[PDB]
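As structure tokens, the structure follows; a few thoughts come after it.
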Amino acid sequence: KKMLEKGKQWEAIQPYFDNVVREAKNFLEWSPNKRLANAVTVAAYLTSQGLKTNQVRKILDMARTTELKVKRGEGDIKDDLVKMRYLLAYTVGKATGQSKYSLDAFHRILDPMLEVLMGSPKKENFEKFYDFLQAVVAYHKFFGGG
Amino acid sequence: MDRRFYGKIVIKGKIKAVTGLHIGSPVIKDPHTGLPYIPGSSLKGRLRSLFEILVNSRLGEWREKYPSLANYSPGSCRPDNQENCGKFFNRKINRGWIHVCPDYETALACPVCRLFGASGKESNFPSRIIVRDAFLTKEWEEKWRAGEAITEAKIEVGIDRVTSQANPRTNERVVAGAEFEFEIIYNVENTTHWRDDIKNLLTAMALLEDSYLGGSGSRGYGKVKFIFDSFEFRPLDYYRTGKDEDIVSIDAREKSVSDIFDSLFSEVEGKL
Amino acid sequence: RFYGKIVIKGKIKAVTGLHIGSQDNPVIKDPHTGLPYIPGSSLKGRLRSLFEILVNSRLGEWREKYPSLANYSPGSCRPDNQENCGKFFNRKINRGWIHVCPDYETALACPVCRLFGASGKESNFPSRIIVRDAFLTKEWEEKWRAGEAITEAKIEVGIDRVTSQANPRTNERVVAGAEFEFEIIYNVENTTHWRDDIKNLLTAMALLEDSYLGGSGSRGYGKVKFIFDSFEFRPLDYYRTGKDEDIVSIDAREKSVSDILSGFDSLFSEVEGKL
Amino acid sequence: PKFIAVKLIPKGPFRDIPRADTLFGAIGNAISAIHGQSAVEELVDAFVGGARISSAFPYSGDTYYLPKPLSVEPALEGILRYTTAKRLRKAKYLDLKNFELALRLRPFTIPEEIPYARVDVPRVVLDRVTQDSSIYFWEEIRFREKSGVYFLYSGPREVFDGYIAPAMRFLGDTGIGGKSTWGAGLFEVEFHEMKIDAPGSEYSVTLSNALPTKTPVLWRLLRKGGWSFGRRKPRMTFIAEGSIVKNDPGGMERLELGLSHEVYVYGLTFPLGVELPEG
RNA sequence: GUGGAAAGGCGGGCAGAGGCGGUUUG
RNA sequence: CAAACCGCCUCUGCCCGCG
Ligand SMILES: [Zn+2]
Ligand SMILES: [Zn+2]
């Protein structure tokens, strides 16, 4: 559906957008094609709104640090998982604007996939959020937003 | 014809990124430790590229000291697309022009090619220096382990001259002051001319120390400094007995223009 | 004859990236698994080349220890295109010139061909080392099964000296820090030659510490590093009866420079008492 | 048919899957180096009077392959598909369970995987002054992870215990043929027992290269020579394995070759019973 | 009494040239 | 208690030599 993201796709791709998202209130929801299948529809109706794109890469660098700590970097891979929660809303706690409604389709999917990691595996239980974190960015570039 | 071997002068030390240091790939990083590094390709090809133009300027003033510089005359071979003619920059790589002598007996007397080596058809001269990859020092492994930033993301812009419309981009560069540990091995294949090769390598090091290394450079992204540790000699009998029979030059607090010379290398002269 | 086989074991550490190639330039890899490896020929011939150059420096100074280096002058036979005219690198294989001796009884006294082997005509002195093929240490197969990259892809460029035009190519290099596991099996055929053969083999290994191993070495692709585990003597009686008679020297934390002098008077005192 | 099975767990790549002619030569060169001259002749006498070894065949993780008898080609239609009949005739090595099937002329299955690969690696020769190269290519047999090669031994046990078992510990550290200074022919040896269920008939497949003393029934011809201390052996017409003789004991042949010693070429048979069709 | 013996896929090649974090707000 | 934008483009991306 390359022609979807039409102008009413915000009023079309929010049929069940947050229900199954809140049903994925842990990280390891479903290893299958449901990850990519959810990750397309998440970015499918962000694109009709603004979604200022390049305010994400601090989480990318932080996941790189935690991934170096997967590669025998540090034994404590707990503090950087909490530092994302320290920076979870500071962005919408800094300045607002036109693309805030897409942030309404971004903040509701944070705490389902962010309150999990206190008693989690540090190396494991992490790759599926790590895949949803990139497939949304990827298909959002592919629909034409960046 | 006649490759010999007397020993191997080893140059060790540190490379000080006095300003930021860009070598693109995002700066390169080795896949295992994850830290950035300097390759030896990026460094040999920048000592060479400077000593090239140094020879090209003095191309007529040396041809009684270095023969087979008589067979060149300055410039590129781009305004007449031939391989080997009277011009100095006589090899096409892909679409660009670079001086490599085409034979063994021609390149044995080239000052560039007896030190950085050459190639060719039906003859080949191989190098005398080995320029190894330069990883971060012992201090900066741990400054990385203590949580510091080893790289930065710098943001630049491009301004329209008429309306001041500006257009940003992001570079990613090693932070200033970062220090990499290098090694350069000159393989003493002739005891007649090792002074000239060590002195030409120091000329290339000095010209690199006034220019940049990688990256934009004309905008500040270079500025490498060479902090010397040890010239060593490792003669032909170090490798057989194993005993510490190698001559060391004491230069732990000197400049690349301060080595360049008779006072330092006197025992290497006497050891021949 | 035959008096036993000295087995040298240990590890190789690719301190810088190791590149060999498989004819945008791949490295050579095992056709079934897909992991890289260091060939035995690529290691053996690099050792032989290094020790050839070392010997060619010393054709005046070893004429009394090793005879039949008196039959050679230091140089090469490429200009005067007659094989074994009298220079050292005397045999032409296809387009290159190697020192390989032409007879048995001249190669029993030449220190290169006594160890690495000659070919000749009607004669054929075979080699006296077996440089066994080198595969990744099981730690680095476990790192290969953790999804970690075992090779890289390094992009280099060539640049015009006047107009600074990029002309890029890529090479596939083994990740620096890798570990391979080598074995070199020396055949004790004559009990006089053994000290000098193992000293020459360790000299050839120690020239390789400061040289490189395959690929663009002067652009920083070698820096191999030998980390010994153990030697074994494996005597003649071991292959007869199959008990444990073999002397095991242990040098677990020793480099090839710490091994040539430190252990050769000391860690081989037990082997000279059995010859 | 209870045979000793020698397994050669490879440490590198072989040059070729070794014939019986180059297994016996390797054993003789081992015995002449760990025992002496006068104990190779007792080896040869033990193989004249008694024992026999077979060729090497590939194994892959506790499945052992044996060559296909040629007894199944002339009546492969009576066993039975034209695709199956063609792939059932092309195939070279049958599994041990299938091989015991096909000795009795029963329907059998071919393995769907070969345990090795014939790969040719490019090598290079560099001169020492100019580093100027010259390629040649080199073929070798590169094995999988659990796969390797094995051969079978019949005959008494003092011959195995005094000759073949020391010869296999010697040849583990100097390989079976090929560029064994590149670490090619080397292995770790371990011995088991194999039992083969075989019909007691007049006809026998040979599991080693035959070199017969009379014409066989169905055969697959194989010229090969060798190299014995530098001297070229003349080319000899062996029969390849899996071929049907009847009551033909084979025969070793002594060569001349201008050496200090005679050079035997192992031309003995290794009989297993087989059921033929009417021709 | 080994279709063997001997044989470095390697020499040379800068991820580089160009580009104000900037325009308006007492 | 910061309003608004711009958040990468331009060019090459394996060759000469052994069989
Ligand atoms: Zn030149
Ligand atoms: Zn020799």
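Residue numbering restarts at 1 for every chain of the structure tokens, chains are lettered A, B, ... in their displayed order, and ligands are numbered from 1 as they appear.
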
Give me, as a ChimeraX atom specification, the contact residues of chain E against chain C at a cut-off of 7 Å, counting only C-alpha atoms (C1' of nucleotides). /E:5-6,8-10,13-17

Write a file of the just-selected residues containing N, CA and C atoms (P, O5', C5', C4', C3', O3' and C1' of nucleotides), as a PDB file, in the first residue's frame.
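Now in result_34.pdb:
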```pdb
ATOM      1  P     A E   5      54.355 -34.968  -2.283  1.00  0.00           P
ATOM      2  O5'   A E   5      55.760 -34.528  -2.850  1.00  0.00           O
ATOM      3  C5'   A E   5      56.965 -34.996  -2.267  1.00  0.00           C
ATOM      4  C4'   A E   5      58.169 -34.456  -2.993  1.00  0.00           C
ATOM      5  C3'   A E   5      58.260 -32.951  -3.089  1.00  0.00           C
ATOM      6  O3'   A E   5      58.790 -32.336  -1.941  1.00  0.00           O
ATOM      7  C1'   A E   5      58.620 -33.867  -5.200  1.00  0.00           C
ATOM      8  P     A E   6      57.898 -31.330  -1.087  1.00  0.00           P
ATOM      9  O5'   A E   6      58.260 -29.903  -1.642  1.00  0.00           O
ATOM     10  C5'   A E   6      59.589 -29.438  -1.615  1.00  0.00           C
ATOM     11  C4'   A E   6      59.872 -28.473  -2.737  1.00  0.00           C
ATOM     12  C3'   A E   6      58.941 -27.300  -2.908  1.00  0.00           C
ATOM     13  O3'   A E   6      59.130 -26.275  -1.957  1.00  0.00           O
ATOM     14  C1'   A E   6      59.515 -28.168  -5.003  1.00  0.00           C
ATOM     15  P     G E   8      56.500 -19.677  -2.914  1.00  0.00           P
ATOM     16  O5'   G E   8      55.202 -19.921  -2.026  1.00  0.00           O
ATOM     17  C5'   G E   8      53.885 -19.519  -2.457  1.00  0.00           C
ATOM     18  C4'   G E   8      53.197 -18.764  -1.341  1.00  0.00           C
ATOM     19  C3'   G E   8      51.989 -17.918  -1.728  1.00  0.00           C
ATOM     20  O3'   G E   8      50.920 -18.519  -1.001  1.00  0.00           O
ATOM     21  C1'   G E   8      53.530 -16.719  -0.288  1.00  0.00           C
ATOM     22  P     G E   9      49.668 -19.173  -1.764  1.00  0.00           P
ATOM     23  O5'   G E   9      49.099 -17.989  -2.663  1.00  0.00           O
ATOM     24  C5'   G E   9      47.974 -17.183  -2.244  1.00  0.00           C
ATOM     25  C4'   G E   9      47.931 -15.904  -3.051  1.00  0.00           C
ATOM     26  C3'   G E   9      47.093 -14.749  -2.512  1.00  0.00           C
ATOM     27  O3'   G E   9      48.091 -13.789  -2.218  1.00  0.00           O
ATOM     28  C1'   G E   9      46.863 -15.016  -4.900  1.00  0.00           C
ATOM     29  P     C E  10      47.996 -12.843  -0.959  1.00  0.00           P
ATOM     30  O5'   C E  10      49.430 -12.159  -0.985  1.00  0.00           O
ATOM     31  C5'   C E  10      50.528 -12.799  -1.653  1.00  0.00           C
ATOM     32  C4'   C E  10      51.186 -11.835  -2.603  1.00  0.00           C
ATOM     33  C3'   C E  10      50.824 -10.373  -2.377  1.00  0.00           C
ATOM     34  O3'   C E  10      51.816  -9.552  -1.786  1.00  0.00           O
ATOM     35  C1'   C E  10      50.615 -11.002  -4.701  1.00  0.00           C
ATOM     36  P     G E  13      51.271   2.334  -2.768  1.00  0.00           P
ATOM     37  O5'   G E  13      49.906   2.872  -3.334  1.00  0.00           O
ATOM     38  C5'   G E  13      49.903   3.849  -4.353  1.00  0.00           C
ATOM     39  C4'   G E  13      48.514   4.123  -4.822  1.00  0.00           C
ATOM     40  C3'   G E  13      47.522   4.383  -3.693  1.00  0.00           C
ATOM     41  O3'   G E  13      46.807   5.596  -3.880  1.00  0.00           O
ATOM     42  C1'   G E  13      46.722   2.689  -5.160  1.00  0.00           C
ATOM     43  P     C E  14      47.195   6.876  -3.026  1.00  0.00           P
ATOM     44  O5'   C E  14      45.940   7.063  -2.063  1.00  0.00           O
ATOM     45  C5'   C E  14      45.712   6.178  -0.948  1.00  0.00           C
ATOM     46  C4'   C E  14      45.247   6.956   0.264  1.00  0.00           C
ATOM     47  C3'   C E  14      43.740   7.122   0.425  1.00  0.00           C
ATOM     48  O3'   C E  14      43.524   6.430   1.646  1.00  0.00           O
ATOM     49  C1'   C E  14      44.942   9.176   0.855  1.00  0.00           C
ATOM     50  P     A E  15      42.641   5.101   1.775  1.00  0.00           P
ATOM     51  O5'   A E  15      41.162   5.564   1.463  1.00  0.00           O
ATOM     52  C5'   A E  15      40.313   6.079   2.476  1.00  0.00           C
ATOM     53  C4'   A E  15      39.537   7.252   1.946  1.00  0.00           C
ATOM     54  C3'   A E  15      38.839   8.157   2.952  1.00  0.00           C
ATOM     55  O3'   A E  15      38.955   9.477   2.465  1.00  0.00           O
ATOM     56  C1'   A E  15      37.335   7.517   1.308  1.00  0.00           C
ATOM     57  P     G E  16      39.101  10.691   3.472  1.00  0.00           P
ATOM     58  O5'   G E  16      39.394  11.940   2.536  1.00  0.00           O
ATOM     59  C5'   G E  16      40.602  12.063   1.804  1.00  0.00           C
ATOM     60  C4'   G E  16      40.367  12.623   0.428  1.00  0.00           C
ATOM     61  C3'   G E  16      39.534  13.889   0.350  1.00  0.00           C
ATOM     62  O3'   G E  16      40.302  15.058   0.542  1.00  0.00           O
ATOM     63  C1'   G E  16      38.735  12.323  -1.209  1.00  0.00           C
ATOM     64  P     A E  17      39.582  16.442   0.881  1.00  0.00           P
ATOM     65  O5'   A E  17      39.162  17.047  -0.522  1.00  0.00           O
ATOM     66  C5'   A E  17      40.085  17.591  -1.449  1.00  0.00           C
ATOM     67  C4'   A E  17      39.326  18.123  -2.634  1.00  0.00           C
ATOM     68  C3'   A E  17      38.274  19.154  -2.287  1.00  0.00           C
ATOM     69  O3'   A E  17      38.789  20.457  -2.182  1.00  0.00           O
ATOM     70  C1'   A E  17      37.296  17.485  -3.616  1.00  0.00           C
TER      71        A E  17
END
```

When the cut-off is 10 Å and we count only C-alpha atoms, which residues of chain C are near chain A, given as an NGL selection string? :C and (143 or 146 or 148)

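The smallest atom-to-atom distance between ligand 2 and any of C:55, C:12, C:224, C:107, using only C-alpha atoms and all ligand atoms, is found for C:107.
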
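Near chain C, within 6 Å and counting only C-alpha atoms, the residues of chain D are residues 126, 127, 166, 170, 181, 182 and 183 of chain D.
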
Residues of chain A within 10 Å of chain B: nearest atom pair and distance (Å, one decimal) for each, counting only C-alpha atoms, sorted by chain and number, as JSON lines?
```
{"residue": "A:68", "atom": "CA", "partner": "B:34", "partner_atom": "CA", "distance": 7.7}
{"residue": "A:71", "atom": "CA", "partner": "B:32", "partner_atom": "CA", "distance": 8.6}
{"residue": "A:72", "atom": "CA", "partner": "B:33", "partner_atom": "CA", "distance": 9.6}
{"residue": "A:73", "atom": "CA", "partner": "B:145", "partner_atom": "CA", "distance": 8.3}
{"residue": "A:74", "atom": "CA", "partner": "B:145", "partner_atom": "CA", "distance": 8.7}
```

Residues within 7 Å of ligand 1, counting only C-alpha atoms (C1' of nucleotides) and all ligand atoms, as number ranges by chain: B: 99-101, 107, 110-113

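CA of residue 120 in chain D to CA of residue 37 in chain C spans 15.5 Å [interatomic distance, one decimal].
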
Neighbours of range 105-115 of chain A within 6 Å (only C-alpha atoms (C1' of nucleotides); same-chain residues fewer than 4 positions away dropped), as a PyMOL selection string? chain A and resi 22+25-27

Chain D contacts to chain B at 10 Å (only C-alpha atoms) as a ChimeraX atom specification: /D:128-133

Keeping only C-alpha atoms, write the selected residues to a file as a PDB file, in the first residue's frame.
```
ATOM      1  CA  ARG D 128      61.972 -13.073  -3.994  1.00  0.00           C
ATOM      2  CA  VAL D 129      63.250  -9.893  -5.603  1.00  0.00           C
ATOM      3  CA  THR D 130      60.278  -8.477  -7.477  1.00  0.00           C
ATOM      4  CA  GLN D 131      57.278 -10.280  -5.877  1.00  0.00           C
ATOM      5  CA  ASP D 132      56.136 -11.081  -9.410  1.00  0.00           C
ATOM      6  CA  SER D 133      53.519 -13.773  -9.408  1.00  0.00           C
TER       7      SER D 133
END
```

From E:20, E:7, E:26, E:2, residue lying nearest chain B [only C-alpha atoms (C1' of nucleotides)]: E:20

Give me, as number ranges by chain, the residues of chain F touching chain C, with the criterion being at most 12 Å (counting only C-alpha atoms (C1' of nucleotides)). F: 11-15, 17-19

Could you save those same residues with N, CA, C and O atoms (P, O5', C5', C4', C3', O3' and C1' of nucleotides) as a PDB file, in the first residue's frame?
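This went into part_21.pdb:
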```
ATOM      1  P     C F  11      26.427  13.151  -9.889  1.00  0.00           P
ATOM      2  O5'   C F  11      27.859  12.457  -9.910  1.00  0.00           O
ATOM      3  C5'   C F  11      28.636  12.444 -11.096  1.00  0.00           C
ATOM      4  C4'   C F  11      30.099  12.250 -10.803  1.00  0.00           C
ATOM      5  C3'   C F  11      30.507  10.861 -10.352  1.00  0.00           C
ATOM      6  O3'   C F  11      30.631   9.934 -11.413  1.00  0.00           O
ATOM      7  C1'   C F  11      31.513  12.477  -8.944  1.00  0.00           C
ATOM      8  P     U F  12      29.874   8.524 -11.317  1.00  0.00           P
ATOM      9  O5'   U F  12      31.030   7.429 -11.272  1.00  0.00           O
ATOM     10  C5'   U F  12      32.051   7.373 -12.258  1.00  0.00           C
ATOM     11  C4'   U F  12      33.360   6.967 -11.635  1.00  0.00           C
ATOM     12  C3'   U F  12      33.354   5.615 -10.935  1.00  0.00           C
ATOM     13  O3'   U F  12      33.650   4.542 -11.813  1.00  0.00           O
ATOM     14  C1'   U F  12      34.280   7.272  -9.500  1.00  0.00           C
ATOM     15  P     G F  13      32.589   3.359 -12.042  1.00  0.00           P
ATOM     16  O5'   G F  13      32.618   2.530 -10.686  1.00  0.00           O
ATOM     17  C5'   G F  13      33.673   1.626 -10.408  1.00  0.00           C
ATOM     18  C4'   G F  13      33.900   1.511  -8.927  1.00  0.00           C
ATOM     19  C3'   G F  13      33.068   0.461  -8.213  1.00  0.00           C
ATOM     20  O3'   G F  13      33.662  -0.826  -8.290  1.00  0.00           O
ATOM     21  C1'   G F  13      33.023   2.511  -7.004  1.00  0.00           C
ATOM     22  P     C F  14      32.838  -2.110  -8.805  1.00  0.00           P
ATOM     23  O5'   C F  14      33.964  -3.210  -9.041  1.00  0.00           O
ATOM     24  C5'   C F  14      35.219  -3.097  -8.379  1.00  0.00           C
ATOM     25  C4'   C F  14      36.277  -2.565  -9.309  1.00  0.00           C
ATOM     26  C3'   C F  14      36.728  -3.556 -10.374  1.00  0.00           C
ATOM     27  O3'   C F  14      37.160  -2.825 -11.510  1.00  0.00           O
ATOM     28  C1'   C F  14      38.571  -2.925  -9.109  1.00  0.00           C
ATOM     29  P     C F  15      36.926  -3.416 -12.976  1.00  0.00           P
ATOM     30  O5'   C F  15      38.277  -3.082 -13.754  1.00  0.00           O
ATOM     31  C5'   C F  15      39.459  -3.839 -13.553  1.00  0.00           C
ATOM     32  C4'   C F  15      40.680  -2.974 -13.709  1.00  0.00           C
ATOM     33  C3'   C F  15      41.896  -3.636 -14.329  1.00  0.00           C
ATOM     34  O3'   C F  15      41.822  -3.679 -15.743  1.00  0.00           O
ATOM     35  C1'   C F  15      42.549  -2.382 -12.431  1.00  0.00           C
ATOM     36  P     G F  17      48.605  -5.222 -19.231  1.00  0.00           P
ATOM     37  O5'   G F  17      49.465  -6.230 -18.343  1.00  0.00           O
ATOM     38  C5'   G F  17      49.018  -7.530 -18.003  1.00  0.00           C
ATOM     39  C4'   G F  17      50.021  -8.185 -17.088  1.00  0.00           C
ATOM     40  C3'   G F  17      49.947  -9.691 -16.969  1.00  0.00           C
ATOM     41  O3'   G F  17      50.566 -10.340 -18.056  1.00  0.00           O
ATOM     42  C1'   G F  17      50.207  -8.744 -14.826  1.00  0.00           C
ATOM     43  P     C F  18      49.787 -11.490 -18.848  1.00  0.00           P
ATOM     44  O5'   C F  18      50.881 -12.633 -18.969  1.00  0.00           O
ATOM     45  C5'   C F  18      50.684 -13.893 -18.351  1.00  0.00           C
ATOM     46  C4'   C F  18      51.545 -14.064 -17.125  1.00  0.00           C
ATOM     47  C3'   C F  18      51.456 -15.419 -16.438  1.00  0.00           C
ATOM     48  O3'   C F  18      52.444 -16.317 -16.917  1.00  0.00           O
ATOM     49  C1'   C F  18      51.155 -13.666 -14.850  1.00  0.00           C
ATOM     50  P     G F  19      52.222 -17.273 -18.189  1.00  0.00           P
ATOM     51  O5'   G F  19      51.895 -18.695 -17.563  1.00  0.00           O
ATOM     52  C5'   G F  19      51.176 -19.656 -18.326  1.00  0.00           C
ATOM     53  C4'   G F  19      50.018 -20.224 -17.548  1.00  0.00           C
ATOM     54  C3'   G F  19      49.001 -20.999 -18.380  1.00  0.00           C
ATOM     55  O3'   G F  19      48.506 -22.118 -17.644  1.00  0.00           O
ATOM     56  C1'   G F  19      47.937 -19.166 -17.298  1.00  0.00           C
TER      57        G F  19
END
```

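Within the 7 Å cut-off around residue 146 in chain A, using only C-alpha atoms (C1' of nucleotides) and omitting residues fewer than 2 positions from it on the same chain, the listed residues are residues 53, 141 and 144 of chain A.
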
Let's see if you can do this: from backbone DSSP, list all strand (DSSP E) residues in range 170-265 of chain D, as a ChimeraX atom specification. /D:187-195,203-206,221-224,227-228,231-232,236-239,243-245,253-255,263-265

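Going from CA of residue 96 in chain D to CA of residue 119 in chain D covers 26.4 Å.
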
Interface residues on chain D facing chain E, 9 Å, only C-alpha atoms (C1' of nucleotides), written as a compact mmCIF listing (two decimals) with N, CA and C atoms, in the first residue's frame:
```txt
# COMPACT_ATOMS: atom_id res chain seq x y z
N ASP D 21 45.96 -48.89 -3.57
CA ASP D 21 47.32 -48.90 -4.05
C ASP D 21 48.16 -47.85 -3.38
N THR D 22 47.57 -46.72 -3.01
CA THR D 22 48.25 -45.72 -2.23
C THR D 22 47.95 -45.78 -0.75
N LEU D 23 47.11 -46.70 -0.29
CA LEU D 23 47.11 -47.01 1.13
C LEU D 23 48.23 -47.97 1.45
N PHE D 24 48.41 -49.00 0.63
CA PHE D 24 49.45 -49.99 0.89
C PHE D 24 50.84 -49.41 0.71
N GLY D 25 51.02 -48.49 -0.23
CA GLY D 25 52.32 -47.84 -0.36
C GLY D 25 52.66 -46.99 0.85
N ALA D 26 51.66 -46.30 1.39
CA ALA D 26 51.86 -45.50 2.58
C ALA D 26 52.17 -46.37 3.79
N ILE D 27 51.51 -47.53 3.90
CA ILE D 27 51.80 -48.44 5.01
C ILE D 27 53.21 -49.00 4.88
N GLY D 28 53.64 -49.36 3.67
CA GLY D 28 54.99 -49.86 3.50
C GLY D 28 56.05 -48.83 3.82
N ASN D 29 55.81 -47.58 3.44
CA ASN D 29 56.77 -46.53 3.77
C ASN D 29 56.75 -46.18 5.25
N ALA D 30 55.63 -46.41 5.93
CA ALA D 30 55.62 -46.25 7.38
C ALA D 30 56.43 -47.34 8.06
N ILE D 31 56.20 -48.59 7.65
CA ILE D 31 56.86 -49.74 8.26
C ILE D 31 58.35 -49.71 8.01
N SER D 32 58.78 -49.22 6.85
CA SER D 32 60.22 -49.14 6.61
C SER D 32 60.89 -48.04 7.40
N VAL D 40 59.17 -54.89 6.19
CA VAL D 40 58.24 -54.63 5.09
C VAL D 40 57.99 -55.91 4.33
N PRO D 122 43.38 -21.40 -6.06
CA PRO D 122 44.45 -20.79 -6.84
C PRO D 122 45.63 -20.51 -5.93
N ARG D 123 46.81 -20.90 -6.37
CA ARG D 123 48.01 -20.60 -5.64
C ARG D 123 48.86 -19.71 -6.50
N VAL D 124 50.02 -19.32 -6.00
CA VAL D 124 50.80 -18.29 -6.65
C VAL D 124 52.24 -18.61 -6.32
N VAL D 125 53.16 -18.17 -7.17
CA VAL D 125 54.58 -18.33 -6.93
C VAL D 125 55.23 -16.98 -7.12
N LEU D 126 55.86 -16.47 -6.09
CA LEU D 126 56.39 -15.13 -6.08
C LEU D 126 57.91 -15.19 -6.07
N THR D 130 61.27 -9.38 -6.93
CA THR D 130 60.28 -8.48 -7.48
C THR D 130 58.85 -8.80 -7.09
N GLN D 131 58.61 -9.86 -6.33
CA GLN D 131 57.28 -10.28 -5.88
C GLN D 131 56.32 -10.47 -7.05
N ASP D 132 56.85 -11.00 -8.14
CA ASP D 132 56.14 -11.08 -9.41
C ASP D 132 55.58 -12.48 -9.55
N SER D 133 54.28 -12.59 -9.74
CA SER D 133 53.52 -13.77 -9.41
C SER D 133 53.28 -14.66 -10.61
N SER D 134 52.77 -15.86 -10.34
CA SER D 134 52.47 -16.84 -11.38
C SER D 134 51.43 -17.79 -10.82
N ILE D 135 50.24 -17.82 -11.36
CA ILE D 135 49.26 -18.72 -10.78
C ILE D 135 49.31 -20.09 -11.42
N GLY D 175 51.15 -37.32 5.76
CA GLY D 175 49.86 -37.71 5.26
C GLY D 175 49.84 -38.76 4.17
N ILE D 176 48.63 -39.05 3.70
CA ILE D 176 48.38 -40.01 2.62
C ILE D 176 48.33 -39.22 1.33
N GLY D 177 49.47 -39.13 0.65
CA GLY D 177 49.53 -38.53 -0.66
C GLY D 177 49.35 -37.03 -0.70
N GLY D 178 49.73 -36.42 -1.79
CA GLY D 178 49.44 -35.03 -1.99
C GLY D 178 50.43 -34.15 -1.31
N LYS D 179 50.15 -32.86 -1.34
CA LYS D 179 51.08 -31.87 -0.83
C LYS D 179 51.04 -31.94 0.68
N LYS D 224 46.04 -46.42 -13.59
CA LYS D 224 46.76 -45.44 -12.80
C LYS D 224 48.20 -45.85 -12.66
N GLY D 225 49.03 -44.86 -12.37
CA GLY D 225 50.40 -45.10 -12.03
C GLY D 225 50.67 -44.53 -10.66
N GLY D 226 51.94 -44.41 -10.33
CA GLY D 226 52.32 -43.87 -9.06
C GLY D 226 53.69 -43.24 -9.18
N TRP D 227 54.32 -43.06 -8.03
CA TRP D 227 55.62 -42.45 -7.92
C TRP D 227 56.30 -43.00 -6.69
N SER D 228 57.36 -43.74 -6.88
CA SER D 228 58.00 -44.50 -5.82
C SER D 228 59.42 -44.02 -5.62
N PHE D 229 59.63 -43.19 -4.60
CA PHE D 229 60.91 -42.54 -4.30
C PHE D 229 61.44 -41.75 -5.49
N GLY D 230 60.55 -41.01 -6.14
CA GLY D 230 60.93 -40.19 -7.25
C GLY D 230 60.81 -40.84 -8.60
N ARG D 231 60.72 -42.16 -8.66
CA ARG D 231 60.70 -42.89 -9.92
C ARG D 231 59.26 -43.10 -10.35
N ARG D 232 59.00 -42.90 -11.63
CA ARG D 232 57.65 -42.98 -12.14
C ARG D 232 57.25 -44.43 -12.32
N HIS D 261 65.58 -51.46 -3.40
CA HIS D 261 64.62 -52.46 -3.00
C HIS D 261 63.56 -52.60 -4.08
N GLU D 262 62.93 -53.76 -4.11
CA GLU D 262 61.80 -53.99 -4.99
C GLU D 262 60.59 -53.20 -4.50
N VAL D 263 59.69 -52.88 -5.42
CA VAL D 263 58.55 -52.02 -5.15
C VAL D 263 57.31 -52.80 -5.49
N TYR D 264 56.52 -53.16 -4.49
CA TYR D 264 55.32 -53.92 -4.76
C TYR D 264 54.15 -53.00 -5.03
```
